[PDB]
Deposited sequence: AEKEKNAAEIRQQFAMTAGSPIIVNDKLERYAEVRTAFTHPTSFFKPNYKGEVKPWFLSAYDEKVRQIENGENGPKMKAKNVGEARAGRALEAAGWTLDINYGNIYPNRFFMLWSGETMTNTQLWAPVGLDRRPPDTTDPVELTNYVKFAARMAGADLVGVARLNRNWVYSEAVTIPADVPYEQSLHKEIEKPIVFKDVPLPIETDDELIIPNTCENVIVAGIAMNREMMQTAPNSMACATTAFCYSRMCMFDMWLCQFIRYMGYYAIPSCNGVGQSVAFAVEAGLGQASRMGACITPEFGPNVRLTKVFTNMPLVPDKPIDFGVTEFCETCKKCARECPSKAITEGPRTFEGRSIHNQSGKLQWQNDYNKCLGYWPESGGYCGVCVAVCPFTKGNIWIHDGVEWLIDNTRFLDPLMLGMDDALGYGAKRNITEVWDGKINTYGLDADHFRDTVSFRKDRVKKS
């Protein structure tokens, strides 16, 4: 008889002994955030469909407008009518409501404050003094249970803990001067060193973003995207589920930082800023690195967004997980063949970055992320075709052979219907929502 699928069982079976799984050599150096394709001068500019060179997001805007006017939901993809095309872009735009400039990357700005002190919620609650009272719990085991319970309340579908590996913290962040208003932010970005010092609290000076040496841990969250919407990639509904999850990420960070602060510790939010989420997620045991470059998880595959919070709160690190992703990616290459920009390599892993956008010195499949970003204005969205076609993204990949769990190798061999089809709260799926149920035994051993 059918074995009732068991996500907890699966994670126990594939857990590895302690130790960062990421393989590195001597040329590894911390990576300046300005080097990402979003921000580096070599890649930030892309032509629009008339050949005008603009900031990538403005050229993408040009394509969204063109598609709506032409009744399309994506590149060469006819919508049912202009009304439908319009609605997909309205939904996508609305999704970004709680996110600054596509990612909340500027640290200690807007939603990403490194201290709770000026927040309206903090001020309201000040007479209770939760943020001033010394911790009443120092036991990492109890703390892990508490903070994970809180994280699920805060919208995480997956959560894990790792020691903070500084190799993945940006050497310098992209940010804006403190006196610069939002409307000028995009034309006033600067770089600022992220450094570690013997100081009691996270603090920013004119010169540096300073993280205390006591910042021992990172808490990593997975925010699940919607399967039906993502599978319309690269068209508008895939952009919408991407967008809503960035706002969910932001809520998570603030909710969790406030909980941690009110427990008597400090907390640094980050969303897409501060450090590399995939590395943290892999070290925290959410999943494994993959050919496309994302963290693939047992529950959602790569179809999940990541955010992370850094803290001095004592915690128990989770174990990394190995469920055979690396061996599947070696033989699969489906994302590489389907990629509209041919950004993803079909070759072996190496320690040498393909270009400035990759961090050399860690063993990974090296993808050309300038080619990736280039397809975004062309398609008028955030693509996501690699996520959509990855077999791990499919809802039913796991089978049980009577003794243990394993991946089904067979799995590796329209937008109107989505608008008219199944949906549920936050785009989560009741047919799989049991997979992320959590009891104490799931949060700490």
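No alpha-carbon coordinates exist for the deposited sequence positions 414-430, 463-464, given here in order along the chain.
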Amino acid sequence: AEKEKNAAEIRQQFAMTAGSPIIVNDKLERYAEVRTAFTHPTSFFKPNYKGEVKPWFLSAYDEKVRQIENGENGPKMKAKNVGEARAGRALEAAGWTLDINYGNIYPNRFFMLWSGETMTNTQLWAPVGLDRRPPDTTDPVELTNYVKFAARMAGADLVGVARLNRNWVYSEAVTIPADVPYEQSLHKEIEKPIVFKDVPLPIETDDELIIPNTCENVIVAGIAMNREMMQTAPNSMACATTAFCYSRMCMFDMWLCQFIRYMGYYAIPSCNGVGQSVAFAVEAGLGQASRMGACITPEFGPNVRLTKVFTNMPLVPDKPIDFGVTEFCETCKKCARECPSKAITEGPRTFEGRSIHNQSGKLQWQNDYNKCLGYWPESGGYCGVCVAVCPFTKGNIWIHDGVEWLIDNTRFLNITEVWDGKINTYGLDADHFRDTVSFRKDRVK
From here on, numbers count along this sequence of modelled residues.
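Per the compared records, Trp398 is unresolved in at least a third of the other entries whose models span it. Residue-level annotation: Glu63 has coordinates in all of the other entries compared, counting only those that model residues on either side of it, so it never reaches the one-third mark.
Here 367-375 and 243-251 are compared by their mean Cα B-factor, and 367-375 comes out higher. Judged by mean Cα B factor in the deposited record, 396-404 ranks above the other of 396-404 and 380-388. Of the residues listed, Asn235, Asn226, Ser290, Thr97, the entry assigns the biggest Cα temperature factor to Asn235. Comparing the C-alpha B-factors of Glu299, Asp206, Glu92, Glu283 in the entry, the top value falls on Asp206. Ranked against the other modelled residues of its chain, the C-alpha B-factor of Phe57 as given in the entry falls in the middle third. Ranked by Cα temperature factor within the chain, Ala150 sits in the lowest third according to the deposited record.
In the deposited entry, the Cα temperature factor of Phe196 places it in the highest third of its chain's modelled residues.
Among the modelled residues of its chain, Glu183 has a C-alpha B-factor that falls in the highest third, as given in the PDB entry. Per-chain ranking of the deposited C-alpha B factor places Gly74 in the middle third.
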